[PDB]
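The same protein chain appears twice below, in two forms, each given on its own as structure tokens and labelled structure 1 and structure 2.
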Structure 1
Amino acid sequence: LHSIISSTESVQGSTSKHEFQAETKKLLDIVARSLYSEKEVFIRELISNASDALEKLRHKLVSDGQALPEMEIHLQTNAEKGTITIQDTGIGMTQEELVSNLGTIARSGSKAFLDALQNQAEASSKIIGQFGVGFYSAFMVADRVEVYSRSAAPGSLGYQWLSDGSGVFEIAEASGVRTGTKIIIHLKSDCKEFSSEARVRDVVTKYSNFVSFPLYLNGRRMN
């Protein structure tokens, strides 16, 4: 087995409170309405984000003239705790991205996204992934979401990011955060299936060969 996910991060800073941007809640809701019928697709959306983060790290390291480190995507199910967890060893998120990225689209304009979603030229899941709101799909299956991230940028601190998706999110400095990003999803009552290894394996194996970095599920290689 090869696992990197462990509950070892520790809160080491006081909590700063932030309220959702105006049109953030509306986008959360529309992503949920759009993907309910195939709600298992949140896993693919998050794997895609992880893959993107690893590509961003690659380009940083190429310009830095440095070797590629362990570049991996990990899934972990906990049936007892009713969670699914995804962790990647990519570029991570800065403090300002953790504070601002949730409301990025709406502020920058959601019209292009909403128009594309309406046209249905591609799968709704692809449109959502492409316009950079795949993280929104975490909330549609979650009672609450727990993020740990630390950017590869020099001087970046590690952070814990918490939200129930209701209108507020909380950020605190954390120790023991590995460069990259871990998302812990505490699953909704109708979404418990995704805390089952068998179920998640059945979902992921349908596209795991399309993932360009080593993909692990509960310590087992999927590709």
Structure 2
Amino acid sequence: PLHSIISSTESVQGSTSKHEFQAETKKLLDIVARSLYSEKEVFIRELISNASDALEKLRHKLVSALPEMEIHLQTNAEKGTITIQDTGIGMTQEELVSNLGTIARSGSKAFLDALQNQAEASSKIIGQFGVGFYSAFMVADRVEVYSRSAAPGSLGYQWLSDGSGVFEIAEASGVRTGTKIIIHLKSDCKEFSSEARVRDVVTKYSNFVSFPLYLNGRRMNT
């Protein structure tokens, strides 16, 4: 008896605002693109860790009907997608622009510094530091984010990028509070639209995931 919250409720309303990635972000993305980094499956944990962070942030707002606090994965073999949705704190428009566009992540500063100071392949250095959210672009043709801040009266947004130069933001209706990230997989990365492949990855660490984690409606952790 399965438990799913992921469905196509969202629709883009009105016009698009166009944004450029920070220079350092473009550099990071290009390095990832042209690296031969083989453990691309890391993007799943990067996104689950972010979902967990967002749910933890939501707790900080609680005092004495509690909000649902869940992380959902869904694979779609036919569409070549993998989706992660959390019911956590979400992002304002300002937050989308800043958080998904810059190199604020402390590990990513360390990463970029390591590129200058280590006589190692980039793949090894990606292994050492990680690249956080941008790990999605290991596997994605295109990344499609919907987010709505848990703050009352906040609007929903769509953030779009193919990971080259530019990202877009538009207002969206039908966005649940929290964040949904839809990864449109590369033609050579379709393995991550398979339930079995994703289960095998996530099983290795689901016991360490602090919130309820579902894969295609099936509960993965205690």
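Residues that one form lacks are left out of the comparison. Quick note, the numbers are simply positions in structure 1, starting from 1. We call the rigid core whatever largest set of C-alpha positions still superposes within 1.5 Å between the two forms.
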key: Listed options 106, 86, 93, 142; Cα moving by 2 angstroms or more between structures 1 and 2 (core superposition)   = 106
key: Rigid core superposed: residue 29 CA moves 2 Å or more between structures 1 and 2   = yes
inquiry  = Aligning on the core only, does the CA of residue 125 end up 2 angstroms or more away between structures 1 and 2?
reply    = yes
Following rigid core superposition, Cα shift of residue 179 between structures 1 and 2 in Å = 0.4
Backbone CA shift between structures 1 and 2, residue 156, after core fitting (angstrom) = 1.4
request  = Please identify, after superposing on the rigid core, every run of 3 or more consecutive residues whose C-alpha atoms all shift by 2 Å or more between structures 1 and 2, listing them in sequence order.
outcome  = 28-35, 102-133
